Amino acid sequence: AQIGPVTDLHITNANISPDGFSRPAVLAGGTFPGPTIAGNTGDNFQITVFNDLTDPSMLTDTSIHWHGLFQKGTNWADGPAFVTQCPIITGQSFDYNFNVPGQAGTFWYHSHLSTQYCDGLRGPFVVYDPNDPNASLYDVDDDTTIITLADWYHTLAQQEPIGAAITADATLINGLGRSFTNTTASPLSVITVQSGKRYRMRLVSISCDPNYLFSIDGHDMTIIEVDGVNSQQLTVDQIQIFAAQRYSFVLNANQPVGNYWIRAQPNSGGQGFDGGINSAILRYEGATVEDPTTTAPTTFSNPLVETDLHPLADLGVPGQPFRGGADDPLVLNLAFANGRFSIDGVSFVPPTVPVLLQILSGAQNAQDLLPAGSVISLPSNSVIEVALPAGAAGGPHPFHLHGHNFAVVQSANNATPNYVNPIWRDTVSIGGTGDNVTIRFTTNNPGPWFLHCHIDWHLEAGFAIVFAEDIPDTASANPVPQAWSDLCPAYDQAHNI
Ligand SMILES: *[C@@H]1O[C@H](CO)[C@@H](O[C@@H]2O[C@H](CO)[C@@H](O)[C@H](O)[C@H]2NC(C)=O)[C@H](O)[C@H]1NC(C)=O
Ligand SMILES: *[C@@H]1O[C@H](CO)[C@@H](O[C@@H]2O[C@H](CO)[C@@H](O)[C@H](O)[C@H]2NC(C)=O)[C@H](O)[C@H]1NC(C)=O
Ligand SMILES: [Cu+2]
Ligand SMILES: [Cu+2]
Ligand SMILES: [Cu+2]
Ligand SMILES: [Cu+2]
């Protein structure tokens, strides 16, 4: 069952074996992935998170972010550790009490402390629309139509050795899949459909790192939502999905009753499908209980290309139709060297005092805010443009902005900008060497909003900045509850800070 919009959520340690290999984990709701948190557009969510963690090898503190939810007036509930809060300590709980006006779509939640989400604290978050403009395109949309794609590691996140390459050991689809090495025939996930019906499949990348080439043998996929934003229908036969992105697609159960492979090929780790790695099963009701015998094509006919997506609504693009045609046009220098990432020459290292608390205590320019050089002010009620030219090692980097979605004025692998009708989304691949992926948004949400690469290993290695949006109005806009004010004193006492 789905939980929410008002629910407790306990964070625990447990052993799991999603690929047949047992290791300890950090879990929400006792499962990997965590349970789906759900409600309707405009609802009040009150997620009371109970930190019951005891194993220090995966950190006993925690903090949870609600990815893609704008948190307008509730910046204190956003979750990134040392940006909007101090972590919750073990044996304590905290009510993330917020509303979701004006949003409906497919989201997710995850730890936002260190690399802890990799250790298991990740799950879907769905905001349904009772009046969805896409409702007539499908028959079924429920917990059985959510498809999560996850990387899974045998080595614990905190225990990944400094200086060795990090790759995953299994792809997990709906929490199950097989290991790339020492492969055993552990159970695969089954997604069940009925011949003749149409399904809103909600595809969620909960990845810590790889992008996936997602397909379903014999089928095609009609995209209707991108990172929470309704799209015009776009039919594809493969989706390259980067860390933290979401798509809804209509699956028409229009093939013969049978079994079909579901494929999710990561860009690192095991290549191919030998032994059933990188695989799940689409099973029609009435099919034999057996593995598919289908194959992929050598070449996909209609892969997703980001510039083909367009909003369902008339969203346009703010600003003027040329580079730099914004009130605050920025170009970030994104670099990597010697194990650390940097933005405009500064590698992100989380501060002792969360950025929001520094602002509430009266620090009112961004040059005043710690970490020095990592916090950039944005003016209120202004069009912002951010060019994110690629080239830094470890790409392609999926950049994500908290508090906002954005127009993707320029996409990967295509030098032509689109000032007319590009898709809006919240996580975008910045592409390859020489690219100039560029985003635009308007500043109508006071507070400090993290901008970072969503490859968690890269965030940990410093690939982030904070946009302190409308510093002057942050305090008035974001009244804080006592429990939030209590977090940093409790954390600092527990840690002798
Ligand atoms: C990406 O686009 C930005 C603009 O959105 C380019 O920024 C210009 O950079 C040159 C130096 O390279 C400056 O003289 C300009 O002031 C910048 N802004 C403009 C023209 O609006 C940037 O060069 C582009 N980067 C790449 C790699 O293509
Ligand atoms: C590269 O990106 C551009 C801009 O998004 C794409 O150009 C659009 O193409 C559509 C479809 O033919 C036209 O309706 C638009 O008028 C174009 N807009 C602009 C600003 O040129 C282009 O299709 C993309 N290239 C590829 C190969 O997909
Ligand atoms: Cu996220
Ligand atoms: Cu986010
Ligand atoms: Cu990255
Ligand atoms: Cu983040």
# chains A, B, ... in the order shown; residues from 1 in each chain; ligands from 1

$ select_by_dssp --residues "region 38-175 of chain A" --states "helix (DSSP H, G or I)" --output "list in words"
residues 56, 57, 58, 75, 76, 77, 116, 117, 118, 119, 135, 136, 137, 143, 144, 145, 157, 158 and 159 of chain A

$ write_last_selection --atoms "N, CA, C and O atoms" --output "PDB file, in the first residue's frame"
ATOM      1  N   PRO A  56      26.794   2.891  12.712  1.00  0.00           N
ATOM      2  CA  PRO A  56      27.547   4.047  12.256  1.00  0.00           C
ATOM      3  C   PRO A  56      28.243   3.891  10.911  1.00  0.00           C
ATOM      4  O   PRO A  56      28.620   4.887  10.304  1.00  0.00           O
ATOM      5  N   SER A  57      28.339   2.659  10.427  1.00  0.00           N
ATOM      6  CA  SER A  57      28.971   2.434   9.131  1.00  0.00           C
ATOM      7  C   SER A  57      28.222   3.036   7.979  1.00  0.00           C
ATOM      8  O   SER A  57      28.779   3.190   6.896  1.00  0.00           O
ATOM      9  N   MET A  58      26.942   3.398   8.205  1.00  0.00           N
ATOM     10  CA  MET A  58      26.107   4.042   7.178  1.00  0.00           C
ATOM     11  C   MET A  58      25.544   5.397   7.651  1.00  0.00           C
ATOM     12  O   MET A  58      24.687   5.959   6.961  1.00  0.00           O
ATOM     13  N   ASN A  75      11.026  26.281   3.113  1.00  0.00           N
ATOM     14  CA  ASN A  75      12.383  25.898   2.754  1.00  0.00           C
ATOM     15  C   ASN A  75      13.026  25.015   3.823  1.00  0.00           C
ATOM     16  O   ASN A  75      13.849  24.154   3.512  1.00  0.00           O
ATOM     17  N   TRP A  76      12.637  25.244   5.090  1.00  0.00           N
ATOM     18  CA  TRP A  76      13.161  24.454   6.216  1.00  0.00           C
ATOM     19  C   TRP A  76      12.843  22.971   6.141  1.00  0.00           C
ATOM     20  O   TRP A  76      13.479  22.204   6.862  1.00  0.00           O
ATOM     21  N   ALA A  77      11.880  22.580   5.316  1.00  0.00           N
ATOM     22  CA  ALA A  77      11.442  21.194   5.153  1.00  0.00           C
ATOM     23  C   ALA A  77      12.102  20.514   3.961  1.00  0.00           C
ATOM     24  O   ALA A  77      11.786  19.359   3.658  1.00  0.00           O
ATOM     25  N   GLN A 116      24.379   8.694   1.883  1.00  0.00           N
ATOM     26  CA  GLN A 116      23.499   7.748   2.550  1.00  0.00           C
ATOM     27  C   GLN A 116      22.353   7.245   1.690  1.00  0.00           C
ATOM     28  O   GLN A 116      21.916   6.083   1.903  1.00  0.00           O
ATOM     29  N   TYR A 117      21.858   8.014   0.709  1.00  0.00           N
ATOM     30  CA  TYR A 117      20.759   7.425  -0.058  1.00  0.00           C
ATOM     31  C   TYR A 117      21.215   6.195  -0.831  1.00  0.00           C
ATOM     32  O   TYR A 117      20.415   5.305  -1.106  1.00  0.00           O
ATOM     33  N   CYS A 118      22.492   6.141  -1.180  1.00  0.00           N
ATOM     34  CA  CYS A 118      22.990   4.965  -1.879  1.00  0.00           C
ATOM     35  C   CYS A 118      22.836   3.719  -1.048  1.00  0.00           C
ATOM     36  O   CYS A 118      22.556   2.621  -1.573  1.00  0.00           O
ATOM     37  N   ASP A 119      22.965   3.850   0.280  1.00  0.00           N
ATOM     38  CA  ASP A 119      22.812   2.726   1.207  1.00  0.00           C
ATOM     39  C   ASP A 119      21.362   2.274   1.415  1.00  0.00           C
ATOM     40  O   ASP A 119      21.155   1.290   2.142  1.00  0.00           O
ATOM     41  N   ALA A 135      -5.725  12.066 -18.094  1.00  0.00           N
ATOM     42  CA  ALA A 135      -6.427  10.904 -17.515  1.00  0.00           C
ATOM     43  C   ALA A 135      -6.996   9.946 -18.563  1.00  0.00           C
ATOM     44  O   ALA A 135      -7.055   8.751 -18.305  1.00  0.00           O
ATOM     45  N   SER A 136      -7.476  10.449 -19.672  1.00  0.00           N
ATOM     46  CA  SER A 136      -8.158   9.625 -20.666  1.00  0.00           C
ATOM     47  C   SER A 136      -7.196   8.821 -21.497  1.00  0.00           C
ATOM     48  O   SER A 136      -7.638   8.020 -22.312  1.00  0.00           O
ATOM     49  N   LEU A 137      -5.885   9.005 -21.313  1.00  0.00           N
ATOM     50  CA  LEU A 137      -4.906   8.287 -22.096  1.00  0.00           C
ATOM     51  C   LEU A 137      -4.601   6.872 -21.533  1.00  0.00           C
ATOM     52  O   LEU A 137      -3.879   6.118 -22.191  1.00  0.00           O
ATOM     53  N   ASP A 143      -0.006   1.854  -7.502  1.00  0.00           N
ATOM     54  CA  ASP A 143       1.309   1.471  -7.042  1.00  0.00           C
ATOM     55  C   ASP A 143       1.951   0.402  -7.915  1.00  0.00           C
ATOM     56  O   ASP A 143       3.189   0.298  -7.959  1.00  0.00           O
ATOM     57  N   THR A 144       1.127  -0.382  -8.614  1.00  0.00           N
ATOM     58  CA  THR A 144       1.619  -1.419  -9.495  1.00  0.00           C
ATOM     59  C   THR A 144       2.174  -0.898 -10.808  1.00  0.00           C
ATOM     60  O   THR A 144       2.753  -1.683 -11.564  1.00  0.00           O
ATOM     61  N   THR A 145       2.022   0.381 -11.110  1.00  0.00           N
ATOM     62  CA  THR A 145       2.526   0.950 -12.360  1.00  0.00           C
ATOM     63  C   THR A 145       3.751   1.846 -12.133  1.00  0.00           C
ATOM     64  O   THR A 145       4.208   2.463 -13.081  1.00  0.00           O
ATOM     65  N   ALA A 157      28.495   2.669   1.209  1.00  0.00           N
ATOM     66  CA  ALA A 157      28.854   3.999   0.648  1.00  0.00           C
ATOM     67  C   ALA A 157      29.974   4.669   1.379  1.00  0.00           C
ATOM     68  O   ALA A 157      30.871   5.236   0.740  1.00  0.00           O
ATOM     69  N   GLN A 158      29.986   4.626   2.715  1.00  0.00           N
ATOM     70  CA  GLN A 158      31.037   5.272   3.471  1.00  0.00           C
ATOM     71  C   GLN A 158      32.369   4.536   3.363  1.00  0.00           C
ATOM     72  O   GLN A 158      33.381   5.090   3.762  1.00  0.00           O
ATOM     73  N   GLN A 159      32.339   3.295   2.876  1.00  0.00           N
ATOM     74  CA  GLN A 159      33.467   2.382   2.858  1.00  0.00           C
ATOM     75  C   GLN A 159      34.022   2.285   1.430  1.00  0.00           C
ATOM     76  O   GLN A 159      34.903   1.462   1.220  1.00  0.00           O
TER      77      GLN A 159
END

$ closest_atom_pairs --of "chain A" --to "ligand 4" --cutoff "7 Å" --atoms "only C-alpha atoms and all ligand atoms" --output "JSON lines"
{"residue": "A:65", "atom": "CA", "partner": "ligand 4", "partner_atom_place_in_ligand_line": "1 (Cu)", "distance": 6.6}
{"residue": "A:66", "atom": "CA", "partner": "ligand 4", "partner_atom_place_in_ligand_line": "1 (Cu)", "distance": 6.5}
{"residue": "A:67", "atom": "CA", "partner": "ligand 4", "partner_atom_place_in_ligand_line": "1 (Cu)", "distance": 3.9}
{"residue": "A:68", "atom": "CA", "partner": "ligand 4", "partner_atom_place_in_ligand_line": "1 (Cu)", "distance": 5.1}
{"residue": "A:400", "atom": "CA", "partner": "ligand 4", "partner_atom_place_in_ligand_line": "1 (Cu)", "distance": 6.4}
{"residue": "A:401", "atom": "CA", "partner": "ligand 4", "partner_atom_place_in_ligand_line": "1 (Cu)", "distance": 6.1}
{"residue": "A:402", "atom": "CA", "partner": "ligand 4", "partner_atom_place_in_ligand_line": "1 (Cu)", "distance": 4.4}

$ write_last_selection --atoms "N, CA, C and O atoms" --output "compact mmCIF listing (two decimals), in the first residue's frame"
# COMPACT_ATOMS: atom_id res chain seq x y z
N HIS A 65 15.06 14.54 1.71
CA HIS A 65 14.61 15.50 0.72
C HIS A 65 13.51 14.89 -0.14
O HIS A 65 13.50 13.71 -0.49
N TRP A 66 12.56 15.78 -0.52
CA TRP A 66 11.38 15.44 -1.28
C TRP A 66 11.62 16.00 -2.68
O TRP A 66 11.44 17.21 -2.95
N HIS A 67 12.21 15.16 -3.53
CA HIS A 67 12.82 15.62 -4.76
C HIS A 67 11.82 16.13 -5.75
O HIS A 67 10.98 15.38 -6.22
N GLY A 68 11.98 17.40 -6.13
CA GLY A 68 11.14 18.04 -7.13
C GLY A 68 9.98 18.82 -6.57
O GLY A 68 9.32 19.53 -7.33
N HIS A 400 20.69 19.17 -11.04
CA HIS A 400 19.36 19.32 -10.43
C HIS A 400 19.35 20.57 -9.58
O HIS A 400 20.31 20.87 -8.87
N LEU A 401 18.22 21.29 -9.65
CA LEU A 401 17.98 22.51 -8.85
C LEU A 401 16.82 22.24 -7.91
O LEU A 401 15.74 21.87 -8.36
N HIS A 402 17.03 22.46 -6.61
CA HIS A 402 15.95 22.41 -5.64
C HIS A 402 15.04 23.67 -5.79
O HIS A 402 15.45 24.70 -6.30

$ closest_residue --among "A:304, A:104, A:464, A:494" --to "ligand 2" --atoms "only C-alpha atoms and all ligand atoms"
A:304

$ residues_around --residues "region 238-248 of chain A" --least-positions-apart "3" --cutoff "8 Å" --atoms "only C-alpha atoms" --output "PyMOL selection string"
chain A and resi 106-107+200-216+220-221+223-228+300+302-304+398+426-429+454-455

$ residues_near_ligand --ligand "ligand 1" --cutoff "12 Å" --atoms "only C-alpha atoms and all ligand atoms" --output "VMD selection string"
chain A and resid 320 to 334 384 to 392 409 to 417 430 to 440

$ residues_around --residues "region 261-275 of chain A" --least-positions-apart "6" --cutoff "9 Å" --atoms "only C-alpha atoms" --output "ChimeraX atom specification"
/A:149,151,167-173,178-181,183-185,191,209-218,281-283,291-296

$ closest_residue --among "A:163, A:105, A:351, A:124" --to "residue 85 (chain A)" --atoms "only C-alpha atoms"
A:351

$ closest_residue --among "A:95, A:38, A:156, A:120" --to "residue 11 (chain A)" --atoms "only C-alpha atoms"
A:120

$ closest_residue --among "A:252, A:54, A:374, A:307" --to "ligand 2" --atoms "only C-alpha atoms and all ligand atoms"
A:307

$ residues_around --residues "residue 41 (chain A)" --least-positions-apart "2" --cutoff "8 Å" --atoms "only C-alpha atoms" --output "list in words"
residues 39, 43, 100, 101, 102, 103, 104, 127, 128, 129 and 130 of chain A

$ atom_distance --atom1 "CA of residue 470 (chain A)" --atom2 "CA of residue 380 (chain A)"
5.0 Å

$ decode --residues "region 383-414 of chain A" --atoms "N, CA and C atoms" --output "JSON list (two decimals), in the first residue's frame"
[["chain", "number", "residue", "atom", "x", "y", "z"],
["A", 383, "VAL", "N", 14.18, 36.87, -14.07],
["A", 383, "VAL", "CA", 14.52, 35.73, -14.94],
["A", 383, "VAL", "C", 15.98, 35.42, -14.77],
["A", 384, "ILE", "N", 16.24, 34.15, -14.42],
["A", 384, "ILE", "CA", 17.58, 33.63, -14.26],
["A", 384, "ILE", "C", 17.87, 32.71, -15.43],
["A", 385, "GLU", "N", 19.09, 32.85, -16.00],
["A", 385, "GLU", "CA", 19.58, 31.87, -16.96],
["A", 385, "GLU", "C", 20.85, 31.28, -16.39],
["A", 386, "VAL", "N", 21.01, 29.96, -16.48],
["A", 386, "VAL", "CA", 22.24, 29.32, -16.03],
["A", 386, "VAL", "C", 22.74, 28.43, -17.13],
["A", 387, "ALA", "N", 23.88, 28.79, -17.74],
["A", 387, "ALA", "CA", 24.56, 27.89, -18.68],
["A", 387, "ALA", "C", 25.50, 27.00, -17.88],
["A", 388, "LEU", "N", 25.48, 25.71, -18.26],
["A", 388, "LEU", "CA", 26.18, 24.64, -17.53],
["A", 388, "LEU", "C", 27.09, 23.88, -18.53],
["A", 389, "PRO", "N", 28.14, 24.52, -19.07],
["A", 389, "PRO", "CA", 28.91, 23.84, -20.13],
["A", 389, "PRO", "C", 29.64, 22.63, -19.56],
["A", 390, "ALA", "N", 29.51, 21.51, -20.28],
["A", 390, "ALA", "CA", 30.08, 20.24, -19.89],
["A", 390, "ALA", "C", 31.57, 20.15, -20.22],
["A", 391, "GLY", "N", 32.17, 19.03, -19.79],
["A", 391, "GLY", "CA", 33.58, 18.79, -19.99],
["A", 391, "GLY", "C", 34.23, 18.16, -18.80],
["A", 392, "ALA", "N", 33.72, 18.44, -17.61],
["A", 392, "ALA", "CA", 34.28, 17.87, -16.39],
["A", 392, "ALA", "C", 34.20, 16.35, -16.43],
["A", 393, "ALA", "N", 35.25, 15.66, -15.98],
["A", 393, "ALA", "CA", 35.29, 14.22, -15.93],
["A", 393, "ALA", "C", 34.08, 13.65, -15.20],
["A", 394, "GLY", "N", 33.80, 12.40, -15.55],
["A", 394, "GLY", "CA", 32.74, 11.65, -14.92],
["A", 394, "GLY", "C", 31.36, 11.89, -15.49],
["A", 395, "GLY", "N", 31.28, 12.54, -16.64],
["A", 395, "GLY", "CA", 29.99, 12.86, -17.24],
["A", 395, "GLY", "C", 29.35, 11.61, -17.86],
["A", 396, "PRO", "N", 28.11, 11.77, -18.36],
["A", 396, "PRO", "CA", 27.34, 13.02, -18.40],
["A", 396, "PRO", "C", 26.68, 13.30, -17.04],
["A", 397, "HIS", "N", 26.83, 14.55, -16.60],
["A", 397, "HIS", "CA", 26.39, 14.96, -15.27],
["A", 397, "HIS", "C", 24.95, 15.43, -15.29],
["A", 398, "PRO", "N", 24.06, 14.80, -14.47],
["A", 398, "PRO", "CA", 22.67, 15.26, -14.38],
["A", 398, "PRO", "C", 22.52, 16.32, -13.28],
["A", 399, "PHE", "N", 22.44, 17.58, -13.69],
["A", 399, "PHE", "CA", 22.31, 18.68, -12.75],
["A", 399, "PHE", "C", 20.86, 18.88, -12.34],
["A", 400, "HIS", "N", 20.69, 19.17, -11.04],
["A", 400, "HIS", "CA", 19.36, 19.32, -10.43],
["A", 400, "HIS", "C", 19.35, 20.57, -9.58],
["A", 401, "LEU", "N", 18.22, 21.29, -9.65],
["A", 401, "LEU", "CA", 17.98, 22.51, -8.85],
["A", 401, "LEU", "C", 16.82, 22.24, -7.91],
["A", 402, "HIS", "N", 17.03, 22.46, -6.61],
["A", 402, "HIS", "CA", 15.95, 22.41, -5.64],
["A", 402, "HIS", "C", 15.04, 23.67, -5.79],
["A", 403, "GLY", "N", 13.80, 23.53, -5.30],
["A", 403, "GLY", "CA", 12.90, 24.67, -5.19],
["A", 403, "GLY", "C", 12.23, 25.11, -6.45],
["A", 404, "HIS", "N", 12.56, 24.45, -7.58],
["A", 404, "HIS", "CA", 12.24, 24.95, -8.91],
["A", 404, "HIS", "C", 12.23, 23.82, -9.90],
["A", 405, "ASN", "N", 11.44, 24.00, -10.96],
["A", 405, "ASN", "CA", 11.76, 23.40, -12.26],
["A", 405, "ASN", "C", 12.21, 24.53, -13.18],
["A", 406, "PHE", "N", 12.57, 24.16, -14.41],
["A", 406, "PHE", "CA", 13.21, 25.10, -15.30],
["A", 406, "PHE", "C", 12.97, 24.72, -16.73],
["A", 407, "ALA", "N", 13.00, 25.72, -17.61],
["A", 407, "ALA", "CA", 13.00, 25.47, -19.06],
["A", 407, "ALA", "C", 14.37, 24.99, -19.49],
["A", 408, "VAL", "N", 14.43, 23.93, -20.25],
["A", 408, "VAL", "CA", 15.72, 23.44, -20.79],
["A", 408, "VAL", "C", 15.91, 24.11, -22.15],
["A", 409, "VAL", "N", 16.50, 25.31, -22.12],
["A", 409, "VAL", "CA", 16.68, 26.08, -23.35],
["A", 409, "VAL", "C", 17.67, 25.44, -24.29],
["A", 410, "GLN", "N", 18.63, 24.67, -23.79],
["A", 410, "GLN", "CA", 19.56, 23.96, -24.65],
["A", 410, "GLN", "C", 19.82, 22.61, -24.00],
["A", 411, "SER", "N", 19.76, 21.57, -24.79],
["A", 411, "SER", "CA", 19.93, 20.17, -24.35],
["A", 411, "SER", "C", 21.26, 19.60, -24.79],
["A", 412, "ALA", "N", 21.57, 18.43, -24.25],
["A", 412, "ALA", "CA", 22.78, 17.72, -24.60],
["A", 412, "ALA", "C", 22.86, 17.43, -26.09],
["A", 413, "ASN", "N", 24.09, 17.47, -26.62],
["A", 413, "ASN", "CA", 24.38, 16.98, -27.95],
["A", 413, "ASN", "C", 23.73, 17.73, -29.08],
["A", 414, "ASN", "N", 23.27, 18.95, -28.83],
["A", 414, "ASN", "CA", 22.61, 19.78, -29.84],
["A", 414, "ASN", "C", 22.91, 21.22, -29.51]]
